[PDB]
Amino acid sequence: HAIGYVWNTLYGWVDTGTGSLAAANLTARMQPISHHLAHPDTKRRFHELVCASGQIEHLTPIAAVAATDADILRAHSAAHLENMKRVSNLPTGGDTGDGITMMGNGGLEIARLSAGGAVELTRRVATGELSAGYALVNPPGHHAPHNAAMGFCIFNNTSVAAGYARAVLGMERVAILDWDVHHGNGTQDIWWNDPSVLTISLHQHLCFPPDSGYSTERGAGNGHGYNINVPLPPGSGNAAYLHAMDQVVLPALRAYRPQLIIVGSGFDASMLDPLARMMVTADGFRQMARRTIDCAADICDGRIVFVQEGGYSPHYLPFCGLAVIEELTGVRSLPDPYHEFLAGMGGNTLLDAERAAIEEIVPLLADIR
């Protein structure tokens, strides 16, 4: 039992610019603002709580090591990598393509450290040095497909880690479980034709991107059946999320028998997130993490690696993240101070529409060989 933990100062230095989502724009009358929705303070506050709560005393700090070009090319095209070098070299950086994905000057260094944090943690868990870990990286990854940056994501951190586990560590089966509230379209794209990386995305239906994450997106060729989307309706809370875990996610992992589980651990499904409409509380995320860790213990000798994705509440994300860290360490030493305030708002009963959305995916489990 040794739990790795990755933070790097530069994860807190990502320059998201002076816009809200897209850039500030005077003609549109979008006024500049200090904190973009994706500002790094949200994840830094999580890190600072890991330290200040004393959880750090039960963690093994792991240094991020910059992802090399070779590491990045296991998940992305050469053209994408060169375009990010170009944007990073600009004097104030710039948008990377989709209009909502700012990279600051020098920002490629941070993107390499973000992917490299995931790779390093993956290596050190796979060897058995560590039993598990949490890589609290930034920028996030799961929207970046093979040939582009998208949705705040420069490189697909979990796919860079999976590619390393496949090519360098020789694993035959890896699973990426993404519970960020937005569809993991990038991860889906990268491994679309590939049955050696099972890609699962539990998300709010059509939240982002606008036209993907349908249950009918199942991969292609030898990868057909090895991508599983679980779109849920807006307003889904702990009951829906836990029913999805029990009915779809955990059974899929059991069927697939991955040698490593990489969790795309976003907290933007939280009750207070501005960028989705879900109702998960810190206790929900706690139960999700407990279940997933215990699943890995039953199937891949506990080799599970958590890698930070999204989440946009600087107020509440830290407690959602701390709950997951506590499940890794087994030291449960701080309450969620919002628990009573949020527990009264609901999401705690499985609604028929939520149940039906989840049941749509159950017949696809039989195609996971």
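Each form is matched to the other, and the largest set of C-alpha atoms that superpose within 1.5 Å is called the rigid core. Residue numbers here begin at 1 and follow the sequence given.
After a rigid core fit, does 90-98 or 213-221 show more C-alpha displacement in 7 other deposited structures of this protein? Taking the RMS over all superposed structures in 7 other deposited structures of this protein, 90-98 lies farther out.
Stretch 268-276 versus stretch 77-85: after rigid core alignment, which one is farther off in C-alpha RMS in 7 other deposited structures of this protein? Larger mean C-alpha displacement, comparing 268-276 and 77-85 in 7 other deposited structures of this protein, is found in 77-85.
Mean CA B-factor: is it higher for 89-97 or for 281-289? Comparing 89-97 with 281-289, the higher average CA B-factor belongs to 89-97.
Comparing 206-214 with 136-144, where is the mean C-alpha B-factor higher? The stretch with the larger average C-alpha B-factor is 206-214.
Of the options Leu37, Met30, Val324, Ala70, which has the highest CA B factor as deposited? The record points to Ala70.
Out of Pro233, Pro274, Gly170, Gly237, residue topping the C-alpha B-factor column of the entry: Among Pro233, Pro274, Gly170, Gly237, the highest C-alpha B-factor in the entry belongs to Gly170.
When the deposited Cα B-factors of this chain's modelled residues are ordered and cut into thirds, is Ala296 in the lowest, the middle or the highest one? Ranked within chain, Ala296 CA B lands in the highest tercile.
Rank-wise, by C-alpha B-factor, drop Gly163 into the lowest, middle or highest third of its chain. Its C-alpha B-factor, which the entry lists for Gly163, ranks in the middle third among residues of this chain.
Splitting the chain's C-alpha B-factors into thirds, which one does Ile368 fall into? It belongs to the highest third of the chain when residues are ordered by C-alpha B-factor.
State the tercile, meaning the lowest, middle or highest third, of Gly225 with respect to the CA B-factors recorded for its chain. Middle third of the chain for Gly225's C-alpha B-factor.
Considering only modelled residues of the same chain, in which third does the CA B-factor of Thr127 rank: lowest, middle or highest? Tercile = highest for this residue's CA B-factor.
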